[PDB]
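Asker: So here's final-v8.cif, just mmCIF, N, CA, C and O atoms:
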data_target
#
loop_
_atom_site.label_atom_id
_atom_site.label_comp_id
_atom_site.auth_asym_id
_atom_site.auth_seq_id
_atom_site.Cartn_x
_atom_site.Cartn_y
_atom_site.Cartn_z
N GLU P 1 -12.49 21.30 -34.94
CA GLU P 1 -12.21 22.23 -33.81
C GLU P 1 -12.42 21.51 -32.49
O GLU P 1 -12.86 22.10 -31.50
N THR P 2 -12.11 20.21 -32.48
CA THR P 2 -12.27 19.41 -31.27
C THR P 2 -10.92 19.22 -30.58
O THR P 2 -9.91 18.96 -31.23
N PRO P 3 -10.88 19.33 -29.24
CA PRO P 3 -9.63 19.17 -28.48
C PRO P 3 -9.16 17.71 -28.44
O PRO P 3 -9.77 16.87 -27.78
N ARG P 4 -8.08 17.43 -29.16
CA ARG P 4 -7.54 16.08 -29.20
C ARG P 4 -6.65 15.82 -27.99
O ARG P 4 -5.86 16.68 -27.58
N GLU P 5 -6.78 14.63 -27.41
CA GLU P 5 -5.99 14.27 -26.24
C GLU P 5 -4.51 14.25 -26.58
O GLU P 5 -3.66 14.65 -25.79
N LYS P 6 -4.20 13.76 -27.78
CA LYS P 6 -2.81 13.69 -28.23
C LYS P 6 -2.19 15.08 -28.30
O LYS P 6 -2.87 16.08 -28.05
N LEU P 7 -0.91 15.13 -28.63
CA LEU P 7 -0.18 16.40 -28.73
C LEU P 7 -0.13 17.10 -27.37
O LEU P 7 0.89 17.05 -26.68
N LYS P 8 -1.23 17.75 -26.99
CA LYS P 8 -1.29 18.45 -25.72
C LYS P 8 -1.11 17.46 -24.56
O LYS P 8 -0.68 16.33 -24.76
N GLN P 9 -1.44 17.91 -23.35
CA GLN P 9 -1.31 17.06 -22.16
C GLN P 9 0.15 16.73 -21.90
O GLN P 9 1.03 17.05 -22.70
N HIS P 10 0.40 16.07 -20.77
CA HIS P 10 1.76 15.70 -20.40
C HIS P 10 1.94 14.18 -20.48
O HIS P 10 1.04 13.46 -20.91
N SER P 11 3.12 13.71 -20.06
CA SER P 11 3.42 12.28 -20.09
C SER P 11 3.47 11.76 -21.53
O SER P 11 3.28 10.57 -21.77
N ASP P 12 3.73 12.66 -22.48
CA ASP P 12 3.80 12.28 -23.88
C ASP P 12 4.90 11.24 -24.10
O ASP P 12 4.71 10.25 -24.82
N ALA P 13 6.05 11.47 -23.48
CA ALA P 13 7.18 10.55 -23.62
C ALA P 13 7.19 9.49 -22.51
O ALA P 13 7.98 8.54 -22.56
N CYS P 14 6.32 9.64 -21.52
CA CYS P 14 6.25 8.68 -20.42
C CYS P 14 5.56 7.39 -20.85
O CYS P 14 5.75 6.34 -20.24
N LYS P 15 4.75 7.48 -21.91
CA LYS P 15 4.04 6.31 -22.41
C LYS P 15 4.97 5.39 -23.20
O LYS P 15 4.70 4.20 -23.35
N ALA P 16 6.08 5.95 -23.70
CA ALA P 16 7.04 5.17 -24.47
C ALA P 16 7.56 3.99 -23.65
O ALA P 16 7.29 2.83 -23.96
N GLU P 17 8.31 4.30 -22.59
CA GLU P 17 8.87 3.26 -21.73
C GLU P 17 7.82 2.79 -20.73
O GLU P 17 7.54 1.60 -20.62
N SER P 18 7.24 3.74 -20.01
CA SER P 18 6.21 3.42 -19.02
C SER P 18 4.89 3.09 -19.72
O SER P 18 3.90 3.80 -19.58
N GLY P 19 4.90 1.99 -20.46
CA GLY P 19 3.70 1.56 -21.18
C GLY P 19 2.92 0.53 -20.37
O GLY P 19 2.46 -0.48 -20.91
N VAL P 20 2.79 0.79 -19.08
CA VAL P 20 2.06 -0.13 -18.19
C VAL P 20 0.63 -0.35 -18.69
O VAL P 20 0.04 -1.41 -18.47
N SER P 21 0.09 0.66 -19.38
CA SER P 21 -1.27 0.57 -19.92
C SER P 21 -2.28 0.23 -18.84
O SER P 21 -3.31 -0.40 -19.10
N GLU P 22 -1.99 0.66 -17.61
CA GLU P 22 -2.89 0.39 -16.48
C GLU P 22 -3.11 -1.11 -16.30
O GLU P 22 -4.16 -1.54 -15.84
N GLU P 23 -2.11 -1.90 -16.68
CA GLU P 23 -2.20 -3.35 -16.55
C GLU P 23 -1.67 -3.80 -15.20
O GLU P 23 -2.37 -4.45 -14.42
N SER P 24 -0.41 -3.45 -14.93
CA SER P 24 0.21 -3.82 -13.66
C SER P 24 -0.40 -3.03 -12.51
O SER P 24 -0.50 -3.52 -11.39
N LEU P 25 -0.82 -1.80 -12.81
CA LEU P 25 -1.43 -0.94 -11.79
C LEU P 25 -2.69 -1.59 -11.23
O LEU P 25 -2.98 -1.47 -10.04
N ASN P 26 -3.43 -2.27 -12.09
CA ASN P 26 -4.67 -2.93 -11.67
C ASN P 26 -4.37 -3.99 -10.62
O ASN P 26 -5.06 -4.08 -9.60
N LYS P 27 -3.35 -4.80 -10.88
CA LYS P 27 -2.97 -5.86 -9.95
C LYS P 27 -2.59 -5.29 -8.59
O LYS P 27 -2.67 -5.97 -7.57
N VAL P 28 -2.18 -4.02 -8.57
CA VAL P 28 -1.80 -3.38 -7.31
C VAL P 28 -2.99 -3.35 -6.35
O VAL P 28 -2.83 -3.42 -5.14
N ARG P 29 -4.19 -3.24 -6.93
CA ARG P 29 -5.41 -3.20 -6.13
C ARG P 29 -5.54 -4.45 -5.26
O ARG P 29 -6.07 -4.40 -4.15
N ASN P 30 -5.04 -5.57 -5.78
CA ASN P 30 -5.11 -6.83 -5.03
C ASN P 30 -3.87 -7.00 -4.16
O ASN P 30 -2.74 -6.78 -4.60
N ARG P 31 -4.09 -7.40 -2.91
CA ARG P 31 -2.98 -7.60 -1.97
C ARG P 31 -2.29 -8.94 -2.25
O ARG P 31 -2.56 -9.94 -1.58
N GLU P 32 -1.40 -8.94 -3.23
CA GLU P 32 -0.68 -10.16 -3.58
C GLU P 32 0.81 -9.87 -3.79
O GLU P 32 1.63 -10.16 -2.92
N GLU P 33 1.14 -9.28 -4.93
CA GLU P 33 2.53 -8.94 -5.24
C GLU P 33 2.62 -8.32 -6.64
O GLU P 33 1.93 -8.73 -7.57
N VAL P 34 3.49 -7.31 -6.76
CA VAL P 34 3.67 -6.64 -8.05
C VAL P 34 5.09 -6.09 -8.16
O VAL P 34 5.62 -5.50 -7.23
N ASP P 35 5.69 -6.30 -9.33
CA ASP P 35 7.05 -5.82 -9.58
C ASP P 35 7.24 -5.51 -11.06
O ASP P 35 8.02 -6.16 -11.76
N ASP P 36 6.51 -4.51 -11.53
CA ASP P 36 6.60 -4.11 -12.94
C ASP P 36 7.39 -2.81 -13.07
O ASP P 36 7.26 -1.91 -12.24
N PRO P 37 8.23 -2.68 -14.11
CA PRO P 37 9.04 -1.47 -14.34
C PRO P 37 8.19 -0.28 -14.77
O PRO P 37 8.30 0.81 -14.21
N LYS P 38 7.35 -0.50 -15.78
CA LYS P 38 6.48 0.56 -16.30
C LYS P 38 5.66 1.20 -15.18
O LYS P 38 5.29 2.37 -15.25
N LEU P 39 5.38 0.41 -14.14
CA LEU P 39 4.60 0.91 -13.01
C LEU P 39 5.37 2.01 -12.28
O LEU P 39 4.89 3.14 -12.16
N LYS P 40 6.55 1.67 -11.79
CA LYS P 40 7.38 2.63 -11.08
C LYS P 40 7.78 3.78 -12.00
O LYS P 40 7.85 4.94 -11.58
N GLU P 41 8.03 3.45 -13.26
CA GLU P 41 8.42 4.46 -14.24
C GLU P 41 7.30 5.47 -14.44
O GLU P 41 7.47 6.67 -14.20
N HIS P 42 6.14 4.98 -14.88
CA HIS P 42 4.98 5.84 -15.12
C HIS P 42 4.68 6.72 -13.90
O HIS P 42 4.42 7.92 -14.03
N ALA P 43 4.70 6.10 -12.72
CA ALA P 43 4.43 6.83 -11.47
C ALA P 43 5.32 8.06 -11.34
O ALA P 43 4.86 9.15 -11.03
N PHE P 44 6.62 7.87 -11.58
CA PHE P 44 7.58 8.97 -11.49
C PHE P 44 7.16 10.12 -12.40
O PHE P 44 7.37 11.29 -12.09
N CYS P 45 6.56 9.77 -13.53
CA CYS P 45 6.10 10.77 -14.49
C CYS P 45 4.98 11.61 -13.88
O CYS P 45 4.79 12.78 -14.23
N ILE P 46 4.22 11.00 -12.96
CA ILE P 46 3.11 11.70 -12.32
C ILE P 46 3.61 12.47 -11.10
O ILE P 46 3.09 13.54 -10.77
N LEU P 47 4.62 11.92 -10.43
CA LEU P 47 5.18 12.55 -9.24
C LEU P 47 5.70 13.95 -9.57
O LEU P 47 5.50 14.90 -8.82
N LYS P 48 6.38 14.06 -10.71
CA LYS P 48 6.94 15.34 -11.14
C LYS P 48 5.82 16.33 -11.45
O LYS P 48 5.79 17.45 -10.93
N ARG P 49 4.89 15.91 -12.31
CA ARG P 49 3.77 16.77 -12.69
C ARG P 49 2.92 17.11 -11.47
O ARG P 49 2.40 18.22 -11.34
N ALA P 50 2.79 16.15 -10.56
CA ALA P 50 2.00 16.35 -9.35
C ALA P 50 2.55 17.51 -8.52
O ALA P 50 1.82 18.19 -7.81
N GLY P 51 3.86 17.72 -8.63
CA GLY P 51 4.51 18.80 -7.89
C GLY P 51 4.99 18.30 -6.53
O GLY P 51 5.00 19.04 -5.54
N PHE P 52 5.40 17.03 -6.50
CA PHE P 52 5.89 16.43 -5.26
C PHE P 52 7.41 16.39 -5.26
O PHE P 52 8.06 17.04 -4.44
N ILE P 53 7.97 15.61 -6.18
CA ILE P 53 9.42 15.48 -6.27
C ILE P 53 9.94 16.28 -7.47
O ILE P 53 9.26 16.43 -8.48
N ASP P 54 11.16 16.80 -7.34
CA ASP P 54 11.75 17.59 -8.42
C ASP P 54 12.60 16.72 -9.34
O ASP P 54 13.11 15.67 -8.94
N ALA P 55 12.74 17.17 -10.58
CA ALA P 55 13.52 16.44 -11.59
C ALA P 55 14.93 16.13 -11.09
O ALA P 55 15.59 15.22 -11.60
N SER P 56 15.41 16.89 -10.11
CA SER P 56 16.76 16.68 -9.58
C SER P 56 16.76 15.70 -8.40
O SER P 56 17.70 15.69 -7.60
N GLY P 57 15.73 14.87 -8.31
CA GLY P 57 15.64 13.88 -7.23
C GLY P 57 15.71 14.55 -5.86
O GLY P 57 16.79 14.75 -5.30
N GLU P 58 14.54 14.88 -5.32
CA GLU P 58 14.46 15.52 -4.01
C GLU P 58 13.06 15.33 -3.43
O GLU P 58 12.10 15.92 -3.91
N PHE P 59 12.96 14.50 -2.39
CA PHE P 59 11.66 14.25 -1.77
C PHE P 59 11.15 15.49 -1.05
O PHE P 59 11.93 16.28 -0.50
N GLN P 60 9.83 15.65 -1.05
CA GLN P 60 9.20 16.78 -0.39
C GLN P 60 7.95 16.31 0.35
O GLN P 60 6.85 16.33 -0.20
N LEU P 61 8.14 15.86 1.58
CA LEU P 61 7.04 15.35 2.39
C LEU P 61 6.13 16.48 2.88
O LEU P 61 4.96 16.25 3.19
N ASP P 62 6.68 17.69 2.96
CA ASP P 62 5.90 18.83 3.42
C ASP P 62 4.69 19.06 2.51
O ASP P 62 3.65 19.55 2.95
N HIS P 63 4.83 18.69 1.24
CA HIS P 63 3.74 18.85 0.28
C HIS P 63 2.92 17.57 0.18
O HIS P 63 1.71 17.61 -0.06
N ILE P 64 3.58 16.43 0.38
CA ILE P 64 2.90 15.14 0.31
C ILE P 64 1.91 15.01 1.46
O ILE P 64 0.74 14.68 1.26
N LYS P 65 2.39 15.27 2.68
CA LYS P 65 1.54 15.17 3.87
C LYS P 65 0.27 16.02 3.71
O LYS P 65 -0.84 15.57 4.01
N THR P 66 0.44 17.25 3.23
CA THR P 66 -0.69 18.16 3.03
C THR P 66 -1.69 17.57 2.04
O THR P 66 -2.90 17.59 2.28
N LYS P 67 -1.18 17.08 0.92
CA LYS P 67 -2.04 16.51 -0.12
C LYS P 67 -2.78 15.28 0.39
O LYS P 67 -3.99 15.14 0.20
N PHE P 68 -2.05 14.39 1.05
CA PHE P 68 -2.65 13.17 1.58
C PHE P 68 -3.65 13.50 2.69
O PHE P 68 -4.55 12.70 2.98
N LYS P 69 -3.49 14.66 3.31
CA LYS P 69 -4.39 15.06 4.39
C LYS P 69 -5.76 15.43 3.82
O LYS P 69 -6.74 14.73 4.03
N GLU P 70 -5.80 16.54 3.07
CA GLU P 70 -7.06 16.99 2.46
C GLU P 70 -7.69 15.87 1.63
O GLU P 70 -7.01 15.18 0.87
N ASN P 71 -9.00 15.70 1.79
CA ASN P 71 -9.71 14.65 1.05
C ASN P 71 -9.14 13.28 1.40
O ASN P 71 -8.29 12.74 0.70
N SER P 72 -9.63 12.72 2.51
CA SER P 72 -9.16 11.41 2.96
C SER P 72 -10.14 10.79 3.95
O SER P 72 -10.43 9.59 3.89
N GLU P 73 -10.65 11.61 4.86
CA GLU P 73 -11.60 11.14 5.88
C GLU P 73 -10.89 10.33 6.98
O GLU P 73 -11.54 9.74 7.84
N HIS P 74 -9.56 10.32 6.95
CA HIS P 74 -8.80 9.58 7.96
C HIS P 74 -7.43 10.25 8.19
O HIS P 74 -6.39 9.59 8.13
N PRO P 75 -7.42 11.57 8.44
CA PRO P 75 -6.16 12.31 8.67
C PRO P 75 -5.57 12.02 10.05
O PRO P 75 -6.06 12.51 11.06
N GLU P 76 -4.50 11.23 10.07
CA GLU P 76 -3.84 10.89 11.33
C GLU P 76 -2.66 9.95 11.09
O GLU P 76 -1.62 10.06 11.73
N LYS P 77 -2.85 9.02 10.15
CA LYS P 77 -1.79 8.06 9.83
C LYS P 77 -0.93 8.54 8.66
O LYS P 77 0.14 7.99 8.41
N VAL P 78 -1.40 9.56 7.94
CA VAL P 78 -0.64 10.08 6.80
C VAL P 78 0.74 10.56 7.23
O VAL P 78 1.75 10.18 6.63
N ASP P 79 0.79 11.39 8.27
CA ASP P 79 2.07 11.93 8.76
C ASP P 79 3.12 10.82 8.94
O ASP P 79 4.23 10.92 8.43
N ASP P 80 2.74 9.76 9.65
CA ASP P 80 3.66 8.65 9.88
C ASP P 80 3.90 7.88 8.59
O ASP P 80 5.02 7.45 8.31
N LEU P 81 2.84 7.70 7.81
CA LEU P 81 2.94 6.96 6.55
C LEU P 81 3.86 7.69 5.57
O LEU P 81 4.61 7.06 4.82
N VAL P 82 3.79 9.02 5.57
CA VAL P 82 4.63 9.81 4.67
C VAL P 82 6.11 9.58 4.97
O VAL P 82 6.85 9.06 4.14
N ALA P 83 6.53 9.97 6.17
CA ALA P 83 7.93 9.81 6.57
C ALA P 83 8.35 8.35 6.54
O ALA P 83 9.48 8.02 6.18
N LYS P 84 7.43 7.47 6.94
CA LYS P 84 7.72 6.03 6.98
C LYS P 84 7.80 5.42 5.58
O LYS P 84 8.64 4.57 5.31
N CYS P 85 6.90 5.85 4.70
CA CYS P 85 6.87 5.31 3.34
C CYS P 85 7.76 6.10 2.38
O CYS P 85 8.08 5.62 1.29
N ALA P 86 8.16 7.31 2.78
CA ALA P 86 9.00 8.14 1.91
C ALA P 86 10.49 7.79 2.06
O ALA P 86 11.34 8.68 2.19
N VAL P 87 10.81 6.50 2.03
CA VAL P 87 12.20 6.07 2.15
C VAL P 87 13.03 6.59 0.98
O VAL P 87 12.82 6.21 -0.17
N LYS P 88 13.99 7.46 1.28
CA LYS P 88 14.85 8.01 0.24
C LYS P 88 15.70 6.90 -0.38
O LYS P 88 16.56 6.33 0.28
N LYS P 89 15.43 6.60 -1.65
CA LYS P 89 16.17 5.54 -2.34
C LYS P 89 17.30 6.12 -3.18
O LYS P 89 17.54 7.33 -3.19
N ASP P 90 18.00 5.23 -3.88
CA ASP P 90 19.12 5.63 -4.72
C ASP P 90 18.65 6.46 -5.92
O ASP P 90 19.45 7.14 -6.57
N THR P 91 17.35 6.41 -6.23
CA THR P 91 16.82 7.16 -7.36
C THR P 91 15.42 7.69 -7.05
O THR P 91 14.70 7.12 -6.24
N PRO P 92 15.03 8.80 -7.69
CA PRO P 92 13.71 9.41 -7.46
C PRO P 92 12.57 8.57 -8.05
O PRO P 92 11.57 8.32 -7.38
N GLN P 93 12.73 8.15 -9.30
CA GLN P 93 11.70 7.35 -9.96
C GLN P 93 11.40 6.08 -9.15
O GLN P 93 10.31 5.50 -9.27
N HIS P 94 12.35 5.66 -8.33
CA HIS P 94 12.15 4.47 -7.51
C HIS P 94 11.24 4.81 -6.33
O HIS P 94 10.11 4.33 -6.25
N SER P 95 11.74 5.66 -5.43
CA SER P 95 10.97 6.08 -4.26
C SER P 95 9.58 6.57 -4.66
O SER P 95 8.63 6.51 -3.87
N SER P 96 9.46 7.07 -5.89
CA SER P 96 8.18 7.57 -6.39
C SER P 96 7.09 6.52 -6.27
O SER P 96 6.02 6.76 -5.70
N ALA P 97 7.36 5.33 -6.81
CA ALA P 97 6.39 4.24 -6.76
C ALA P 97 6.05 3.89 -5.31
O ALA P 97 4.91 3.54 -5.00
N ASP P 98 7.05 3.99 -4.44
CA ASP P 98 6.85 3.68 -3.03
C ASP P 98 5.80 4.59 -2.41
O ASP P 98 5.05 4.18 -1.52
N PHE P 99 5.75 5.84 -2.88
CA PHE P 99 4.78 6.80 -2.35
C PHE P 99 3.37 6.46 -2.84
O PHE P 99 2.39 6.68 -2.12
N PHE P 100 3.28 5.94 -4.05
CA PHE P 100 1.98 5.58 -4.62
C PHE P 100 1.73 4.08 -4.48
O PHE P 100 1.08 3.47 -5.33
N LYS P 101 2.26 3.51 -3.41
CA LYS P 101 2.08 2.08 -3.16
C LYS P 101 1.93 1.83 -1.66
O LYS P 101 0.95 1.24 -1.21
N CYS P 102 2.92 2.30 -0.90
CA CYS P 102 2.91 2.14 0.56
C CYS P 102 1.59 2.61 1.16
O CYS P 102 1.02 1.95 2.04
N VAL P 103 1.10 3.76 0.69
CA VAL P 103 -0.15 4.31 1.19
C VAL P 103 -1.35 3.75 0.42
O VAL P 103 -2.16 4.49 -0.14
N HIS P 104 -1.44 2.42 0.39
CA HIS P 104 -2.54 1.76 -0.31
C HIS P 104 -2.78 0.37 0.27
O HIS P 104 -3.90 0.02 0.64
N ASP P 105 -1.72 -0.42 0.35
CA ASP P 105 -1.81 -1.77 0.89
C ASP P 105 -1.33 -1.80 2.34
O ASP P 105 -0.56 -2.67 2.74
N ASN P 106 -1.81 -0.84 3.12
CA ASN P 106 -1.43 -0.76 4.53
C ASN P 106 -2.40 -1.55 5.39
O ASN P 106 -3.15 -0.99 6.20
N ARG P 107 -2.39 -2.87 5.21
CA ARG P 107 -3.28 -3.74 5.97
C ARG P 107 -2.48 -4.87 6.63
O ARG P 107 -2.66 -5.17 7.81
N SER P 108 -1.59 -5.48 5.85
CA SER P 108 -0.77 -6.57 6.36
C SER P 108 0.46 -6.02 7.08
O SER P 108 0.77 -6.51 8.15
#
Render the structure in this file as structure tokens.
Answerer:
Amino acid sequence: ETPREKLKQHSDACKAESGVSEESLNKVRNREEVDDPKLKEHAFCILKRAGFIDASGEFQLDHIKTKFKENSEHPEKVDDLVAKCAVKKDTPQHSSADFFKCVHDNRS
């Protein structure tokens, strides 16, 4: 009668292709360079569940800005970072990674 992580939960099929296994994501912490597919792929799986972008490819900064605002201790650059980092690309899963990347290595 123990709750198994498998079966339930989401991203069940996101682990198939997006099998980054938190490998490439780790390298993101370091300001060097990263270009992994599973990274951008997996991220898109979270963007949808997060309630940011819709399955029909549609950015929603009105919700992103709010989320990035609360719990941050530095509300002021998010607004610009959102619109600036929310570059509408040819695909949603693409721009998705940009949202979970641009607002991290904003030093250089």
Asker: So what do you get for atom O of residue 39 (chain P) versus CA of residue 13 (chain P), distance-wise?
Answerer: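 According to the coordinates, atom O of residue 39 (chain P) and CA of residue 13 (chain P) are separated by 13.8 Å.
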Asker: Report as an NGL selection string all protein, DNA and RNA residues lying within 7 Å of region 59-70 of chain P, evaluated on only N, CA, C and O atoms, omitting residues in the same chain fewer than 4 positions from it.
Answerer: :P and (51-54 or 74-76 or 78-79 or 82-83 or 86)
Asker: Within 10 Å of residue 88 (chain P), counting only C-alpha atoms, which residues show up once you throw out same-chain ones fewer than 6 positions away? Write them as a ChimeraX atom specification, please.
Answerer: /P:57-59,94-96,98
Asker: Extract, using only C-alpha atoms, all DNA, RNA and protein residues at most 12 Å from residue 46 (chain P), discarding same-chain residues fewer than 2 positions from it, and format them as a list in words.
Answerer: residues 10, 11, 12, 14, 15, 18, 39, 40, 41, 42, 43, 44, 48, 49, 50, 51, 52, 53, 54, 55, 92, 93, 96, 97, 99 and 100 of chain P
Asker: Please identify every residue of region 34-83 of chain P that has at least one atom no farther than 7 Å from an atom of region 19-30 of chain P, counting only C-alpha atoms, and for each give the shortest atom pair and the distance in Å to one decimal, arranged by chain then increasing number, as JSON lines.
Answerer:
{"residue": "P:34", "atom": "CA", "partner": "P:28", "partner_atom": "CA", "distance": 6.4}
{"residue": "P:36", "atom": "CA", "partner": "P:24", "partner_atom": "CA", "distance": 6.4}
{"residue": "P:38", "atom": "CA", "partner": "P:20", "partner_atom": "CA", "distance": 4.9}
{"residue": "P:39", "atom": "CA", "partner": "P:20", "partner_atom": "CA", "distance": 5.9}
Asker: List every residue of region 6-67 of chain P that DSSP, applied to the backbone of this structure, assigns to alpha helix (DSSP H), and report them as a ChimeraX atom specification.
Answerer: /P:14-17,24-28,37-50,61-67
Asker: What does the distance between atom N of residue 33 (chain P) and atom C of residue 85 (chain P) come to in Å, to one decimal place?
Answerer: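 Atom-to-atom, atom N of residue 33 (chain P) and atom C of residue 85 (chain P) are spaced 18.3 Å apart.
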Asker: Provide the CA of residue 103 (chain P) to CA of residue 73 (chain P) distance in Å, to one decimal place.
Answerer: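 Interatomic distance here is 14.1 Å.
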Asker: Draw an axis-aligned box tight on the listed atoms of region 4-8 of chain P, then pad every side by 3 Å and write out centre and edge lengths in Å to one decimal as JSON.
Answerer:
{"center_x": -3.6, "center_y": 16.1, "center_z": -26.9, "size_x": 15.0, "size_y": 10.8, "size_z": 10.6}
Asker: From the options P:105, P:7, P:89, P:45, which residue's atoms come nearest to residue 31 (chain P), counting all atoms listed in the file?
Answerer: P:105
Asker: Could you check the closest approach to residue 80 (chain P) for each of P:106, P:56, P:17, P:6 and tell me which residue wins, using only C-alpha atoms?
Answerer: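 Closest residue, counting only C-alpha atoms: P:106.
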